[PDB]
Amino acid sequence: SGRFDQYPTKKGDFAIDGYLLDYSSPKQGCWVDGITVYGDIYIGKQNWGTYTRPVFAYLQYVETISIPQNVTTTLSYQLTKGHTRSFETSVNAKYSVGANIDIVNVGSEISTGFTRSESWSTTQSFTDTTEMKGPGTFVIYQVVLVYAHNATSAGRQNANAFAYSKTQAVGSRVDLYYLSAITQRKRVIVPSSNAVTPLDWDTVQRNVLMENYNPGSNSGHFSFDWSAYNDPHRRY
């Protein structure tokens, strides 16, 4: 399907909830209107001054379950916190970010629902439960928050750090553009009849960064707000 122009744009958790609570048609994801912040991100061998903004949110597959007629059960399933399993498996270089980057979420009216030390850390699995009743086949998904980054000057040394990236020259400096993803403490359960094939990390990066963002003009479906550098409230 691709064609990410089909997805709407939402600002903050109330708007994302509005999108997900509209059961009139199956939902896969949305572009996110969020603020840009500036601060350190460790990539490869050092910290780089990085611009970060939220850009997309999507539902990533957890599991499918079929329950017979007259059966009520407490279903246990694994959700994750911190960076997504797909993001973690896709990165080639040493990668880490301090907890204070979360000002990007606060300023964008998004909350991860996880602790300060958990939200931007390594992938950590946890058990979640829902009492469910049959008959039916149901698919469980977890909300993924996607961010675009410009790690300034990182492009000469880290051009192969990520599965998908773009470098851009600024005078004699080389910037590194890439996406990252973390989870939110939010999961959706839908009958197999109200379900479509969910988006995955490879598809999201190809469409959002490679096809829909142009570092050359800082345009496409989103733009970074460079004024973050000059705003103390958006520096972490």
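We number the residues from 1 along the sequence you see.
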Mean CA temperature factor from the deposited coordinates, higher in 71-79 or in 138-146?
71-79
As stated in the PDB record, which stretch has the larger average Cα B-factor, 213-221 or 11-19?
213-221
When the entry's CA B-factors for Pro54, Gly29, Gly49, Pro191 are compared, the highest one belongs to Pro191
Per the PDB entry, which option out of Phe162, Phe114, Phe87, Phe126 has the greatest Cα B factor?
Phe126
For the chain shown, is the CA B-factor of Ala169 in the lowest, middle or highest third of its modelled residues?
middle
Which third, lowest, middle or highest, does the CA B-factor of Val37 fall in along this chain?
lowest
Rank-wise, by C-alpha B-factor, drop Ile65 into the lowest, middle or highest third of its chain.
middle
Going by the recorded CA B-factors, say which third of the chain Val91 sits in, lowest, middle or highest.
highest
Position of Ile43 among the chain's modelled residues by C-alpha B-factor, lowest, middle or highest third:
middle
